[PDB]
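Asker: What follows is upload24.cif; its format and atoms are mmCIF, N, CA and C atoms and all ligand atoms.
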```
data_start
#
loop_
_atom_site.label_atom_id
_atom_site.label_comp_id
_atom_site.auth_asym_id
_atom_site.auth_seq_id
_atom_site.Cartn_x
_atom_site.Cartn_y
_atom_site.Cartn_z
N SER A 42 -91.42 -23.20 -57.45
CA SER A 42 -91.11 -22.53 -56.19
C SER A 42 -90.71 -23.54 -55.12
N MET A 43 -90.99 -24.82 -55.37
CA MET A 43 -90.63 -25.86 -54.42
C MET A 43 -89.12 -25.95 -54.22
N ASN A 44 -88.36 -25.65 -55.26
CA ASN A 44 -86.91 -25.66 -55.20
C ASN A 44 -86.39 -24.24 -55.02
N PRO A 45 -85.56 -23.99 -54.02
CA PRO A 45 -84.93 -22.68 -53.89
C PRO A 45 -83.80 -22.55 -54.90
N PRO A 46 -83.24 -21.36 -55.07
CA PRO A 46 -82.05 -21.23 -55.89
C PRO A 46 -80.94 -22.10 -55.33
N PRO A 47 -80.13 -22.71 -56.18
CA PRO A 47 -79.01 -23.52 -55.68
C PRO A 47 -77.97 -22.63 -55.02
N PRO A 48 -77.13 -23.19 -54.15
CA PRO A 48 -76.09 -22.37 -53.51
C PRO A 48 -75.17 -21.74 -54.54
N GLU A 49 -74.63 -20.57 -54.20
CA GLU A 49 -73.75 -19.86 -55.12
C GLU A 49 -72.47 -20.66 -55.36
N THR A 50 -71.93 -20.54 -56.57
CA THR A 50 -70.65 -21.16 -56.91
C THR A 50 -69.61 -20.11 -57.27
N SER A 51 -69.97 -18.84 -57.18
CA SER A 51 -69.03 -17.74 -57.33
C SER A 51 -69.56 -16.60 -56.48
N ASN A 52 -68.66 -15.71 -56.08
CA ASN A 52 -69.05 -14.56 -55.28
C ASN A 52 -67.95 -13.53 -55.44
N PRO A 53 -68.15 -12.47 -56.22
CA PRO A 53 -67.04 -11.55 -56.51
C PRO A 53 -66.54 -10.79 -55.30
N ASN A 54 -67.30 -10.69 -54.22
CA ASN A 54 -66.79 -9.97 -53.06
C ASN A 54 -66.16 -10.90 -52.03
N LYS A 55 -66.06 -12.15 -52.34
CA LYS A 55 -65.38 -13.15 -51.54
C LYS A 55 -64.01 -13.43 -52.15
N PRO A 56 -62.92 -13.41 -51.39
CA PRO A 56 -61.61 -13.65 -52.00
C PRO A 56 -61.42 -15.13 -52.33
N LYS A 57 -60.64 -15.37 -53.37
CA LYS A 57 -60.32 -16.71 -53.85
C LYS A 57 -58.96 -17.15 -53.32
N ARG A 58 -58.74 -18.46 -53.35
CA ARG A 58 -57.39 -18.93 -53.07
C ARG A 58 -57.18 -20.27 -53.74
N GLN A 59 -55.91 -20.53 -54.06
CA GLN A 59 -55.46 -21.80 -54.62
C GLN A 59 -54.36 -22.34 -53.73
N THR A 60 -54.52 -23.58 -53.26
CA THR A 60 -53.52 -24.21 -52.41
C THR A 60 -53.36 -25.66 -52.85
N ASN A 61 -52.24 -26.27 -52.43
CA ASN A 61 -52.05 -27.69 -52.69
C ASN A 61 -53.19 -28.52 -52.11
N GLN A 62 -53.70 -28.14 -50.93
CA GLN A 62 -54.76 -28.92 -50.31
C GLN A 62 -56.07 -28.77 -51.07
N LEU A 63 -56.40 -27.56 -51.52
CA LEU A 63 -57.63 -27.40 -52.30
C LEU A 63 -57.53 -28.12 -53.64
N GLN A 64 -56.35 -28.11 -54.27
CA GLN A 64 -56.18 -28.86 -55.51
C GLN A 64 -56.41 -30.35 -55.28
N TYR A 65 -55.92 -30.87 -54.16
CA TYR A 65 -56.09 -32.28 -53.82
C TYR A 65 -57.55 -32.60 -53.53
N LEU A 66 -58.25 -31.69 -52.86
CA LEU A 66 -59.67 -31.91 -52.59
C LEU A 66 -60.48 -32.03 -53.87
N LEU A 67 -60.07 -31.35 -54.95
CA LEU A 67 -60.76 -31.51 -56.23
C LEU A 67 -60.27 -32.76 -56.96
N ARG A 68 -58.95 -32.87 -57.19
CA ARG A 68 -58.43 -33.91 -58.07
C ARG A 68 -58.58 -35.30 -57.45
N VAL A 69 -58.27 -35.45 -56.17
CA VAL A 69 -58.28 -36.75 -55.51
C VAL A 69 -59.58 -37.00 -54.77
N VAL A 70 -59.99 -36.09 -53.89
CA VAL A 70 -61.10 -36.40 -52.99
C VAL A 70 -62.43 -36.34 -53.74
N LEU A 71 -62.80 -35.17 -54.26
CA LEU A 71 -64.10 -35.06 -54.93
C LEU A 71 -64.17 -35.96 -56.15
N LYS A 72 -63.16 -35.90 -57.02
CA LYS A 72 -63.30 -36.60 -58.29
C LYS A 72 -63.24 -38.11 -58.13
N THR A 73 -62.67 -38.61 -57.03
CA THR A 73 -62.73 -40.05 -56.76
C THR A 73 -64.08 -40.44 -56.15
N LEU A 74 -64.56 -39.68 -55.16
CA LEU A 74 -65.89 -39.97 -54.59
C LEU A 74 -66.96 -39.91 -55.67
N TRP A 75 -66.81 -39.00 -56.63
CA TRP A 75 -67.78 -38.82 -57.70
C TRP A 75 -68.01 -40.10 -58.48
N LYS A 76 -67.00 -40.97 -58.56
CA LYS A 76 -67.08 -42.19 -59.35
C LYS A 76 -67.64 -43.37 -58.57
N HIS A 77 -67.85 -43.21 -57.26
CA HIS A 77 -68.42 -44.28 -56.45
C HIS A 77 -69.84 -44.59 -56.90
N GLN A 78 -70.21 -45.87 -56.79
CA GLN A 78 -71.54 -46.29 -57.23
C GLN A 78 -72.66 -45.63 -56.43
N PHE A 79 -72.37 -45.10 -55.25
CA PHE A 79 -73.39 -44.43 -54.44
C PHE A 79 -73.36 -42.91 -54.58
N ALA A 80 -72.56 -42.37 -55.50
CA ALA A 80 -72.41 -40.91 -55.56
C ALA A 80 -73.58 -40.22 -56.25
N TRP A 81 -74.32 -40.91 -57.11
CA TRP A 81 -75.27 -40.23 -57.98
C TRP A 81 -76.31 -39.38 -57.25
N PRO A 82 -76.84 -39.74 -56.07
CA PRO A 82 -77.81 -38.84 -55.43
C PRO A 82 -77.22 -37.51 -55.01
N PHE A 83 -75.90 -37.41 -54.95
CA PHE A 83 -75.21 -36.28 -54.34
C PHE A 83 -74.49 -35.43 -55.38
N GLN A 84 -74.68 -35.72 -56.66
CA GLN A 84 -73.96 -35.03 -57.73
C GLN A 84 -74.64 -33.74 -58.17
N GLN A 85 -75.80 -33.41 -57.59
CA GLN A 85 -76.54 -32.22 -57.96
C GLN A 85 -77.42 -31.83 -56.78
N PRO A 86 -77.89 -30.59 -56.72
CA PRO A 86 -78.81 -30.20 -55.65
C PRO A 86 -80.03 -31.11 -55.64
N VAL A 87 -80.55 -31.37 -54.44
CA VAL A 87 -81.79 -32.13 -54.32
C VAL A 87 -82.88 -31.41 -55.10
N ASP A 88 -83.42 -32.09 -56.11
CA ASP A 88 -84.58 -31.60 -56.86
C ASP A 88 -85.84 -32.09 -56.16
N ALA A 89 -86.47 -31.20 -55.39
CA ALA A 89 -87.64 -31.60 -54.61
C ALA A 89 -88.83 -31.92 -55.49
N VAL A 90 -88.93 -31.29 -56.67
CA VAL A 90 -90.05 -31.56 -57.57
C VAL A 90 -89.85 -32.90 -58.28
N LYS A 91 -88.67 -33.11 -58.87
CA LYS A 91 -88.42 -34.35 -59.60
C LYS A 91 -88.44 -35.55 -58.66
N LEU A 92 -87.87 -35.41 -57.47
CA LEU A 92 -87.74 -36.52 -56.53
C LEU A 92 -88.97 -36.73 -55.65
N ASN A 93 -90.01 -35.92 -55.82
CA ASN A 93 -91.23 -36.04 -55.01
C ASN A 93 -90.92 -35.90 -53.53
N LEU A 94 -90.09 -34.91 -53.18
CA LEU A 94 -89.71 -34.59 -51.81
C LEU A 94 -90.13 -33.16 -51.49
N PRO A 95 -91.43 -32.89 -51.46
CA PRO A 95 -91.89 -31.49 -51.36
C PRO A 95 -91.51 -30.80 -50.06
N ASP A 96 -91.19 -31.54 -49.00
CA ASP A 96 -90.80 -30.93 -47.74
C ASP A 96 -89.30 -30.86 -47.54
N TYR A 97 -88.50 -31.23 -48.54
CA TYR A 97 -87.05 -31.28 -48.33
C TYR A 97 -86.52 -29.94 -47.86
N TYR A 98 -86.83 -28.86 -48.59
CA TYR A 98 -86.30 -27.55 -48.23
C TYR A 98 -87.11 -26.85 -47.16
N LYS A 99 -88.22 -27.45 -46.72
CA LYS A 99 -88.84 -27.01 -45.49
C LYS A 99 -88.02 -27.45 -44.28
N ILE A 100 -87.22 -28.50 -44.45
CA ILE A 100 -86.39 -29.06 -43.39
C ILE A 100 -84.94 -28.62 -43.51
N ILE A 101 -84.38 -28.69 -44.71
CA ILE A 101 -82.96 -28.48 -44.96
C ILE A 101 -82.77 -27.02 -45.37
N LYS A 102 -82.12 -26.24 -44.51
CA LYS A 102 -81.98 -24.81 -44.76
C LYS A 102 -80.60 -24.41 -45.25
N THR A 103 -79.61 -25.30 -45.21
CA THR A 103 -78.31 -25.04 -45.81
C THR A 103 -77.98 -26.21 -46.72
N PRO A 104 -78.61 -26.27 -47.89
CA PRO A 104 -78.38 -27.39 -48.81
C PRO A 104 -76.96 -27.40 -49.33
N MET A 105 -76.47 -28.61 -49.61
CA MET A 105 -75.16 -28.77 -50.22
C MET A 105 -75.11 -30.10 -50.96
N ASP A 106 -74.36 -30.11 -52.05
CA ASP A 106 -74.20 -31.28 -52.90
C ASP A 106 -72.82 -31.24 -53.54
N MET A 107 -72.38 -32.39 -54.07
CA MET A 107 -71.04 -32.47 -54.65
C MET A 107 -70.93 -31.72 -55.97
N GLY A 108 -72.03 -31.51 -56.69
CA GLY A 108 -71.95 -30.70 -57.88
C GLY A 108 -71.60 -29.26 -57.55
N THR A 109 -72.23 -28.72 -56.51
CA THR A 109 -71.92 -27.38 -56.02
C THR A 109 -70.48 -27.30 -55.52
N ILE A 110 -70.05 -28.29 -54.72
CA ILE A 110 -68.68 -28.29 -54.22
C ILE A 110 -67.70 -28.34 -55.38
N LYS A 111 -67.97 -29.19 -56.37
CA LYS A 111 -67.10 -29.30 -57.54
C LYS A 111 -66.95 -27.96 -58.24
N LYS A 112 -68.08 -27.28 -58.48
CA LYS A 112 -68.03 -25.99 -59.15
C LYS A 112 -67.30 -24.96 -58.30
N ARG A 113 -67.49 -25.01 -56.98
CA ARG A 113 -66.76 -24.10 -56.10
C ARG A 113 -65.26 -24.34 -56.19
N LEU A 114 -64.84 -25.60 -56.21
CA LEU A 114 -63.41 -25.89 -56.31
C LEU A 114 -62.85 -25.46 -57.66
N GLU A 115 -63.63 -25.66 -58.72
CA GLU A 115 -63.19 -25.24 -60.06
C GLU A 115 -63.09 -23.73 -60.17
N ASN A 116 -63.90 -23.00 -59.40
CA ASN A 116 -63.90 -21.54 -59.37
C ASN A 116 -62.85 -20.95 -58.43
N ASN A 117 -62.15 -21.79 -57.67
CA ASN A 117 -61.28 -21.35 -56.57
C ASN A 117 -62.06 -20.50 -55.57
N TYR A 118 -63.31 -20.91 -55.33
CA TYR A 118 -64.24 -20.16 -54.48
C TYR A 118 -63.82 -20.17 -53.02
N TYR A 119 -63.19 -21.24 -52.57
CA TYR A 119 -62.87 -21.43 -51.16
C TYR A 119 -61.58 -20.72 -50.78
N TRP A 120 -61.52 -20.27 -49.53
CA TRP A 120 -60.27 -19.75 -48.99
C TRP A 120 -59.33 -20.88 -48.56
N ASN A 121 -59.87 -21.93 -47.95
CA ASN A 121 -58.99 -22.99 -47.48
C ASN A 121 -59.73 -24.32 -47.48
N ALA A 122 -58.95 -25.38 -47.24
CA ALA A 122 -59.48 -26.74 -47.28
C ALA A 122 -60.58 -26.94 -46.27
N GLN A 123 -60.44 -26.33 -45.09
CA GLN A 123 -61.45 -26.47 -44.05
C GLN A 123 -62.82 -26.00 -44.53
N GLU A 124 -62.86 -24.91 -45.30
CA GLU A 124 -64.13 -24.40 -45.82
C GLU A 124 -64.77 -25.41 -46.75
N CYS A 125 -63.96 -26.08 -47.57
CA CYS A 125 -64.49 -27.09 -48.48
C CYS A 125 -64.93 -28.34 -47.72
N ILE A 126 -64.11 -28.78 -46.76
CA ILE A 126 -64.47 -29.93 -45.94
C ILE A 126 -65.79 -29.67 -45.20
N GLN A 127 -65.99 -28.43 -44.74
CA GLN A 127 -67.25 -28.08 -44.10
C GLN A 127 -68.44 -28.31 -45.03
N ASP A 128 -68.31 -27.97 -46.32
CA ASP A 128 -69.41 -28.20 -47.25
C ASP A 128 -69.70 -29.69 -47.42
N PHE A 129 -68.65 -30.53 -47.50
CA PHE A 129 -68.88 -31.97 -47.54
C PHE A 129 -69.65 -32.42 -46.30
N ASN A 130 -69.23 -31.95 -45.13
CA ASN A 130 -69.87 -32.38 -43.90
C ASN A 130 -71.31 -31.91 -43.83
N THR A 131 -71.60 -30.71 -44.35
CA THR A 131 -72.99 -30.24 -44.42
C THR A 131 -73.81 -31.15 -45.32
N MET A 132 -73.25 -31.55 -46.45
CA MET A 132 -73.95 -32.45 -47.36
C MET A 132 -74.31 -33.76 -46.67
N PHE A 133 -73.36 -34.35 -45.93
CA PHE A 133 -73.67 -35.60 -45.26
C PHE A 133 -74.69 -35.39 -44.14
N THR A 134 -74.47 -34.37 -43.30
CA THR A 134 -75.37 -34.11 -42.18
C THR A 134 -76.80 -33.85 -42.65
N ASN A 135 -76.97 -33.09 -43.74
CA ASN A 135 -78.30 -32.83 -44.27
C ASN A 135 -79.00 -34.14 -44.58
N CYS A 136 -78.27 -35.10 -45.13
CA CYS A 136 -78.89 -36.37 -45.48
C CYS A 136 -79.36 -37.11 -44.23
N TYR A 137 -78.55 -37.08 -43.17
CA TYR A 137 -78.94 -37.74 -41.92
C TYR A 137 -80.06 -36.99 -41.22
N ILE A 138 -80.15 -35.68 -41.43
CA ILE A 138 -81.23 -34.90 -40.83
C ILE A 138 -82.55 -35.23 -41.50
N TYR A 139 -82.58 -35.16 -42.84
CA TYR A 139 -83.83 -35.35 -43.57
C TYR A 139 -84.33 -36.79 -43.47
N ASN A 140 -83.44 -37.76 -43.47
CA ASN A 140 -83.84 -39.15 -43.56
C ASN A 140 -83.61 -39.84 -42.22
N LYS A 141 -83.92 -41.12 -42.17
CA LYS A 141 -83.87 -41.88 -40.93
C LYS A 141 -82.80 -42.96 -41.03
N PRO A 142 -82.23 -43.39 -39.90
CA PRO A 142 -81.23 -44.46 -39.94
C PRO A 142 -81.79 -45.70 -40.62
N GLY A 143 -80.96 -46.34 -41.42
CA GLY A 143 -81.36 -47.53 -42.15
C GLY A 143 -81.91 -47.28 -43.54
N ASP A 144 -82.28 -46.04 -43.86
CA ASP A 144 -82.80 -45.74 -45.20
C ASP A 144 -81.70 -45.98 -46.23
N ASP A 145 -82.12 -46.35 -47.45
CA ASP A 145 -81.14 -46.62 -48.50
C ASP A 145 -80.25 -45.40 -48.77
N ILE A 146 -80.84 -44.20 -48.84
CA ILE A 146 -80.05 -43.00 -49.11
C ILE A 146 -79.06 -42.75 -47.98
N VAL A 147 -79.43 -43.11 -46.74
CA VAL A 147 -78.53 -42.93 -45.60
C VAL A 147 -77.39 -43.94 -45.64
N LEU A 148 -77.68 -45.20 -46.00
CA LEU A 148 -76.60 -46.17 -46.20
C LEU A 148 -75.61 -45.66 -47.24
N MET A 149 -76.11 -44.97 -48.27
CA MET A 149 -75.22 -44.43 -49.30
C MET A 149 -74.35 -43.32 -48.73
N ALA A 150 -74.96 -42.40 -48.00
CA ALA A 150 -74.20 -41.30 -47.42
C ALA A 150 -73.20 -41.81 -46.39
N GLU A 151 -73.59 -42.82 -45.60
CA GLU A 151 -72.67 -43.36 -44.60
C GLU A 151 -71.43 -43.93 -45.26
N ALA A 152 -71.61 -44.64 -46.38
CA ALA A 152 -70.45 -45.23 -47.04
C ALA A 152 -69.57 -44.15 -47.69
N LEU A 153 -70.18 -43.13 -48.31
CA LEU A 153 -69.39 -42.07 -48.90
C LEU A 153 -68.64 -41.27 -47.84
N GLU A 154 -69.29 -41.04 -46.70
CA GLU A 154 -68.63 -40.28 -45.64
C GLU A 154 -67.39 -41.00 -45.13
N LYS A 155 -67.47 -42.33 -45.01
CA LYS A 155 -66.30 -43.11 -44.62
C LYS A 155 -65.17 -42.94 -45.63
N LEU A 156 -65.48 -43.04 -46.93
CA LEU A 156 -64.46 -42.86 -47.95
C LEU A 156 -63.89 -41.45 -47.92
N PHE A 157 -64.76 -40.45 -47.75
CA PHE A 157 -64.33 -39.06 -47.63
C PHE A 157 -63.34 -38.89 -46.48
N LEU A 158 -63.68 -39.43 -45.31
CA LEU A 158 -62.80 -39.30 -44.15
C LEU A 158 -61.46 -39.99 -44.39
N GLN A 159 -61.48 -41.16 -45.03
CA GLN A 159 -60.23 -41.84 -45.35
C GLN A 159 -59.33 -40.95 -46.18
N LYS A 160 -59.90 -40.26 -47.17
CA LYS A 160 -59.09 -39.50 -48.11
C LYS A 160 -58.61 -38.17 -47.55
N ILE A 161 -59.36 -37.55 -46.63
CA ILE A 161 -58.89 -36.28 -46.07
C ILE A 161 -58.07 -36.47 -44.80
N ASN A 162 -57.89 -37.70 -44.33
CA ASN A 162 -57.05 -37.92 -43.16
C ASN A 162 -55.66 -37.34 -43.37
N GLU A 163 -55.08 -37.55 -44.55
CA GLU A 163 -53.77 -37.00 -44.91
C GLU A 163 -53.93 -36.12 -46.14
N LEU A 164 -53.64 -34.84 -46.00
CA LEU A 164 -53.65 -33.91 -47.10
C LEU A 164 -52.23 -33.50 -47.44
N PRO A 165 -51.98 -33.03 -48.66
CA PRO A 165 -50.63 -32.56 -48.98
C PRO A 165 -50.24 -31.36 -48.13
N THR A 166 -48.94 -31.13 -48.03
CA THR A 166 -48.42 -29.96 -47.35
C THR A 166 -48.23 -28.82 -48.34
N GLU A 167 -48.29 -27.60 -47.83
CA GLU A 167 -48.17 -26.41 -48.67
C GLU A 167 -46.72 -26.13 -49.06
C1 LIG B 201 -79.71 -36.48 -51.66
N1 LIG B 201 -80.86 -36.87 -50.85
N2 LIG B 201 -80.99 -36.47 -49.56
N3 LIG B 201 -82.11 -36.94 -49.09
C2 LIG B 201 -82.72 -37.67 -50.09
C3 LIG B 201 -83.90 -38.42 -50.10
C4 LIG B 201 -84.20 -39.14 -51.25
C5 LIG B 201 -83.37 -39.12 -52.37
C6 LIG B 201 -83.65 -40.04 -53.54
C7 LIG B 201 -83.20 -41.45 -53.22
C8 LIG B 201 -81.97 -41.91 -53.65
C9 LIG B 201 -81.47 -43.12 -53.20
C10 LIG B 201 -82.21 -43.89 -52.33
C11 LIG B 201 -83.46 -43.46 -51.89
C12 LIG B 201 -84.24 -44.26 -50.88
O1 LIG B 201 -83.74 -44.09 -49.55
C13 LIG B 201 -83.95 -42.25 -52.36
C14 LIG B 201 -82.22 -38.33 -52.37
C15 LIG B 201 -81.92 -37.64 -51.22
#
```
What does the file become when written as structure tokens?
Ligand SMILES: Cn1nnc2ccc(Cc3cccc(CO)c3)cc21
Answerer:
Amino acid sequence: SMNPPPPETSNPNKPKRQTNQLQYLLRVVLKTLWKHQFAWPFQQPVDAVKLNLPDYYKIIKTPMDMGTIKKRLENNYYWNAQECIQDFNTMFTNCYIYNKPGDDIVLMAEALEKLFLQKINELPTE
């Protein structure tokens, strides 16, 4: 019970869309960040039981991780790039909320966020 259900990766009453920008967010942005040496903490939902973080979901009420984002992109779950970028930003912000400046996990998120921003600065045109 320490872990809530992970965020949904499909929703039949939500419309889907496929765009050049969403394709780029999967092929270039997510799949490149995924290979970074600091990506591993963010490739799956925070497991509060395995990680000995029993208060994580007492603090973080909109969890997000790159595994969820990846599955959402593979499902064409998002309407537009902004919706996907919002999930990335939630993932980073959650890490800064739960942890403190200078923590190793925060140094990891800070470096990934910089790479993320570099890659979404220019997106393809439709
Ligand atoms: C994804 N996430 N969000 N908050 C976390 C806290 C601890 C962890 C585990 C962890 C991983 C790398 C470095 C440390 C030490 O700083 C701890 C993962 C978290």
Asker: May I ask you to write as a list in words all residues lying at most 7 Å from ligand LIG 201 (chain B), with all atoms listed in the file counted?
Answerer: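 For ligand LIG 201 (chain B), the residues inside 7 Å are residues 82, 83, 86, 87, 92, 135, 136, 137, 139, 140, 144, 145, 146 and 147 of chain A.
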Asker: Can you work out which one of A:63, A:132, A:151, A:80 has the shortest atom-to-atom distance to residue 106 of chain A, counting all atoms listed in the file?
Answerer: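 Among the listed residues, the smallest separation from residue 106 of chain A belongs to A:132.
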Asker: How many Å separate atom C of residue 67 of chain A from atom N of residue 134 of chain A?
Answerer: 19.8 Å
Asker: As AutoDock Vina command-line options, what would the box around segment 75-82 of chain A look like: edges along x, y and z, 6 Å added on every side, centre and edge lengths in Å to one decimal?
Answerer:
```
--center_x -72.3 --center_y -41.9 --center_z -56.9 --size_x 23.0 --size_y 20.8 --size_z 16.9
```
Asker: Expressed in Å to a single decimal, how great is the separation between atom CA of residue 152 of chain A and atom CA of residue 81 of chain A?
Answerer: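 The value is 13.0 Å.
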Asker: If we count only N, CA and C atoms and set the cut-off at 8 Å, which residues sit around segment 72-75 of chain A, ignoring sequence neighbours fewer than 6 positions away in its own chain? Please answer as a list in words.
Answerer: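 Contacts, in chain order: residues 65, 66, 81, 83, 84, 107, 111, 153, 156 and 157 of chain A.
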Asker: Could you list, as a ChimeraX atom specification, every residue within 10 Å of residue 128 of chain A, counting only C-alpha atoms and ignoring same-chain residues fewer than 3 positions away?
Answerer: /A:103-107,109-110,123-125,131-134
Asker: From the DSSP assignment of the backbone, select every residue of chain A that is alpha helix (DSSP H), and format the answer as a PyMOL selection string.
Answerer: chain A and resi 61-65+72-74+97-100+107-115+122-139+145-161
Asker: Applying 7 Å and only N, CA and C atoms, which residues near residue 120 of chain A remain after dropping the ones on its own chain fewer than 2 positions away? List them as a VMD selection string.
Answerer: chain A and resid 56 to 59 117 to 118 122 to 125
Asker: Go ahead and save the residues from that selection, with N, CA and C atoms, as a PDB file, in the frame of the given file.
Answerer:
```
ATOM      1  N   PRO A  56     -62.920 -13.410 -51.390  1.00  0.00           N
ATOM      2  CA  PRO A  56     -61.610 -13.650 -52.000  1.00  0.00           C
ATOM      3  C   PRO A  56     -61.420 -15.130 -52.330  1.00  0.00           C
ATOM      4  N   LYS A  57     -60.640 -15.370 -53.370  1.00  0.00           N
ATOM      5  CA  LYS A  57     -60.320 -16.710 -53.850  1.00  0.00           C
ATOM      6  C   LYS A  57     -58.960 -17.150 -53.320  1.00  0.00           C
ATOM      7  N   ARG A  58     -58.740 -18.460 -53.350  1.00  0.00           N
ATOM      8  CA  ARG A  58     -57.390 -18.930 -53.070  1.00  0.00           C
ATOM      9  C   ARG A  58     -57.180 -20.270 -53.740  1.00  0.00           C
ATOM     10  N   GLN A  59     -55.910 -20.530 -54.060  1.00  0.00           N
ATOM     11  CA  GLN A  59     -55.460 -21.800 -54.620  1.00  0.00           C
ATOM     12  C   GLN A  59     -54.360 -22.340 -53.730  1.00  0.00           C
ATOM     13  N   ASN A 117     -62.150 -21.790 -57.670  1.00  0.00           N
ATOM     14  CA  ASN A 117     -61.280 -21.350 -56.570  1.00  0.00           C
ATOM     15  C   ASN A 117     -62.060 -20.500 -55.570  1.00  0.00           C
ATOM     16  N   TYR A 118     -63.310 -20.910 -55.330  1.00  0.00           N
ATOM     17  CA  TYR A 118     -64.240 -20.160 -54.480  1.00  0.00           C
ATOM     18  C   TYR A 118     -63.820 -20.170 -53.020  1.00  0.00           C
ATOM     19  N   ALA A 122     -58.950 -25.380 -47.240  1.00  0.00           N
ATOM     20  CA  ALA A 122     -59.480 -26.740 -47.280  1.00  0.00           C
ATOM     21  C   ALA A 122     -60.580 -26.940 -46.270  1.00  0.00           C
ATOM     22  N   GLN A 123     -60.440 -26.330 -45.090  1.00  0.00           N
ATOM     23  CA  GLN A 123     -61.450 -26.470 -44.050  1.00  0.00           C
ATOM     24  C   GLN A 123     -62.820 -26.000 -44.530  1.00  0.00           C
ATOM     25  N   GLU A 124     -62.860 -24.910 -45.300  1.00  0.00           N
ATOM     26  CA  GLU A 124     -64.130 -24.400 -45.820  1.00  0.00           C
ATOM     27  C   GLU A 124     -64.770 -25.410 -46.750  1.00  0.00           C
ATOM     28  N   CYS A 125     -63.960 -26.080 -47.570  1.00  0.00           N
ATOM     29  CA  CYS A 125     -64.490 -27.090 -48.480  1.00  0.00           C
ATOM     30  C   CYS A 125     -64.930 -28.340 -47.720  1.00  0.00           C
TER      31      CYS A 125
END
```
Asker: State, in Å with one decimal place, the distance from atom CA of residue 93 of chain A to atom CA of residue 150 of chain A.
Answerer: 19.4 Å
Asker: Using only C-alpha atoms for the distances, tell me which of A:90, A:126, A:114, A:138 is nearest to residue 45 of chain A.
Answerer: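 Closest candidate: A:90.
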Asker: Check the smallest atom-to-atom distance from each of A:130, A:162, A:42, A:64 to residue 113 of chain A using only C-alpha atoms, then report the winner.
Answerer: A:64
Asker: From the list A:61, A:47, A:112, A:154, which residue is nearest residue 129 of chain A when using all atoms listed in the file?
Answerer: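 Among A:61, A:47, A:112, A:154, it is A:154 that comes nearest to residue 129 of chain A.
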Asker: With N, CA, C and O atoms as the goal, would you fill in the gaps in segment 133-144 of chain A and present it as an mmCIF file, in the frame of the given file?
Answerer:
```cif
data_model
loop_
_atom_site.group_PDB
_atom_site.id
_atom_site.type_symbol
_atom_site.label_atom_id
_atom_site.label_comp_id
_atom_site.auth_asym_id
_atom_site.auth_seq_id
_atom_site.Cartn_x
_atom_site.Cartn_y
_atom_site.Cartn_z
ATOM 1 N N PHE A 133 -73.360 -34.350 -45.930
ATOM 2 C CA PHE A 133 -73.670 -35.600 -45.260
ATOM 3 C C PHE A 133 -74.690 -35.390 -44.140
ATOM 4 O O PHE A 133 -75.666 -36.145 -44.037
ATOM 5 N N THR A 134 -74.470 -34.370 -43.300
ATOM 6 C CA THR A 134 -75.370 -34.110 -42.180
ATOM 7 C C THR A 134 -76.800 -33.850 -42.650
ATOM 8 O O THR A 134 -77.755 -34.332 -42.031
ATOM 9 N N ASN A 135 -76.970 -33.090 -43.740
ATOM 10 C CA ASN A 135 -78.300 -32.830 -44.270
ATOM 11 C C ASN A 135 -79.000 -34.140 -44.580
ATOM 12 O O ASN A 135 -80.209 -34.291 -44.332
ATOM 13 N N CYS A 136 -78.270 -35.100 -45.130
ATOM 14 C CA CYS A 136 -78.890 -36.370 -45.480
ATOM 15 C C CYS A 136 -79.360 -37.110 -44.230
ATOM 16 O O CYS A 136 -80.452 -37.692 -44.217
ATOM 17 N N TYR A 137 -78.550 -37.080 -43.170
ATOM 18 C CA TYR A 137 -78.940 -37.740 -41.920
ATOM 19 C C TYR A 137 -80.060 -36.990 -41.220
ATOM 20 O O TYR A 137 -80.863 -37.604 -40.510
ATOM 21 N N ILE A 138 -80.150 -35.680 -41.430
ATOM 22 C CA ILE A 138 -81.230 -34.900 -40.830
ATOM 23 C C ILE A 138 -82.550 -35.230 -41.500
ATOM 24 O O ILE A 138 -83.541 -35.559 -40.837
ATOM 25 N N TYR A 139 -82.580 -35.160 -42.840
ATOM 26 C CA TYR A 139 -83.830 -35.350 -43.570
ATOM 27 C C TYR A 139 -84.330 -36.790 -43.470
ATOM 28 O O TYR A 139 -85.548 -37.022 -43.413
ATOM 29 N N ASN A 140 -83.440 -37.760 -43.470
ATOM 30 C CA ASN A 140 -83.840 -39.150 -43.560
ATOM 31 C C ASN A 140 -83.610 -39.840 -42.220
ATOM 32 O O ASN A 140 -83.170 -39.225 -41.242
ATOM 33 N N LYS A 141 -83.920 -41.120 -42.170
ATOM 34 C CA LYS A 141 -83.870 -41.880 -40.930
ATOM 35 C C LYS A 141 -82.800 -42.960 -41.030
ATOM 36 O O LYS A 141 -82.468 -43.416 -42.129
ATOM 37 N N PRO A 142 -82.230 -43.390 -39.900
ATOM 38 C CA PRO A 142 -81.230 -44.460 -39.940
ATOM 39 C C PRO A 142 -81.790 -45.700 -40.620
ATOM 40 O O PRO A 142 -82.966 -46.035 -40.450
ATOM 41 N N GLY A 143 -80.960 -46.340 -41.420
ATOM 42 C CA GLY A 143 -81.360 -47.530 -42.150
ATOM 43 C C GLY A 143 -81.910 -47.280 -43.540
ATOM 44 O O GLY A 143 -81.997 -48.228 -44.324
ATOM 45 N N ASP A 144 -82.280 -46.040 -43.860
ATOM 46 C CA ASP A 144 -82.800 -45.740 -45.200
ATOM 47 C C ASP A 144 -81.700 -45.980 -46.230
ATOM 48 O O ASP A 144 -80.517 -45.781 -45.963
#
```
